[PDB]
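J.: Just so you know, we're using the entry's author numbering here: the sequence shown kicks off at -2 and counts up by one.
Heads up, the beta-carbon is just placed ideally off N, CA and C, and yes, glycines get one too.
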Amino acid sequence: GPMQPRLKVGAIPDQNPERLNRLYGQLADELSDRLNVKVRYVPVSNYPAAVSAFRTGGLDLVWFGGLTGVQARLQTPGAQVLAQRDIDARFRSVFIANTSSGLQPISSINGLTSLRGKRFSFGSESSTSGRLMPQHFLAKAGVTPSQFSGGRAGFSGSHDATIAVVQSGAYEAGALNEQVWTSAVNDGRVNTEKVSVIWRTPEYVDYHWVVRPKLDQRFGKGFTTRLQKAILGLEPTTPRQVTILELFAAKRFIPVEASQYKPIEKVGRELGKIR
Ligand SMILES: [Cl-]
Ligand SMILES: [Cl-]
Ligand SMILES: [Cl-]
Ligand SMILES: [Cl-]
Ligand SMILES: [Cl-]
Ligand SMILES: [Cl-]
Ligand SMILES: [Cl-]
Ligand SMILES: [Cl-]
Ligand SMILES: [Cl-]
Ligand SMILES: [Cl-]
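(1) Residues in the same chain with beta-carbon distance under 8 Å from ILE84, minus the five sequence neighbours each way, listed in chain order, please.
(2) Does the distance between the C-beta of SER146 and the nearest non-hydrogen atom of ligand 6 fall short of 7 Å?
(3) Report the rounded CA-to-CA distance for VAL187 versus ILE106, giving the unit in angstroms.
(4) For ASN174, count the other beta carbons within 10 Å of its own beta carbon; 16 or more makes it buried, fewer makes it exposed. Which is it?
(5) Do you know offhand how far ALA80's Cα is from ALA158's?
(6) For the region 172 to 233, which segments carrying the beta strand (DSSP E) assignment without a break, of at least 3 residues, lie completely within its bounds, in sequence order?
(7) With a threshold of 8 Å, are at least 3 pairs of Cβ atoms found where one atom belongs to the region 89 to 102 and the other to the region 177 to 196?
(8) Shorter than 7 Å, the distance from the beta carbon of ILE271 to the closest heavy atom of ligand 4, or not?
(9) Taking the alpha-carbon positions, what's the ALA181 to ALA86 distance?
(10) Per the contact definition of three or more C-beta pairs closer than 8 Å, is the region 202 to 211 in contact with the region 134 to 153?
(11) With C-beta atoms as the reference, is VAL163 less than 8 Å away from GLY154?
(12) Given that a residue counts as buried once 16 or more other Cβ atoms are within 10 Å of its Cβ, and exposed if not, what is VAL239?
(13) Quick check: is any heavy atom of ligand 6 less than 7 Å from the C-beta of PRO131?
(14) For the beta strand (DSSP E) that contains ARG3, what are its first and last residues?
(15) What number of angstroms, rounded off, separates the C-alpha of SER165 from the C-alpha of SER97?
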């Protein structure tokens, strides 16, 4: 570059953009200070745009879901996974229902048959915790979205929006990210008189950082390792890092296990979401 290099950081748009701008904008400044390079957060409008901008070089480092990060790595030779939160090793979805819907707590996966004929919303089409794994667990109970009221599921686009369309009564039930649910309950952003959890899924792996190949050619030998150490180094010490980690709802970032994403890829191929 005739210019000094700049690291472009992105994230799937999985909740309110104003909240994500506070998190990733502060994280860009924190990485900038830790690395002594220019770092900018570049937002995207939907989940596929995160995959595509990563693939084409519009984003260098992205906070992906399970499904989107698998897609981004399959489409981008030499992309690496760098880290995940502590909680991403053992992630869950919550199935929620409007408390007027008559839907009862479910004690087994077989109980998901109760959602046949109901208005049900997934999150993003490409969401792991809001679509893929929920659709997987539904299919094991013998429920397909064809069986919901209207012959299909809603897609709200985000974990926040799934809470909002169940809370409003526009849908009777939905599925979303358990961390976003728990944070919204704790923060007062969900009316727990109107919405309750009917089921928590089995554990699966979900969010992780994926980095583009060849960043060492742009920023110098060792940079990608320094970037991975910067993420794994995040600690609740300064106000800035306390805020970053509270918005992630993590105590720390941890390394991933080699091919811990093979079960998410397998589900993605089973449900036709991976080419
Ligand atoms: Cl920049
Ligand atoms: Cl740039
Ligand atoms: Cl990945
Ligand atoms: Cl793909
Ligand atoms: Cl779809
Ligand atoms: Cl279907
Ligand atoms: Cl559908
Ligand atoms: Cl519908
Ligand atoms: Cl390189
Ligand atoms: Cl560091």
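T.: Considering the structure as presented:
(1) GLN176, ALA246, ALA247
(2) no
(3) 25 Å
(4) buried
(5) 27 Å
(6) 192 to 197, 205 to 208
(7) yes
(8) yes
(9) 21 Å
(10) no
(11) no
(12) exposed
(13) no
(14) 3 to 8
(15) 11 Å
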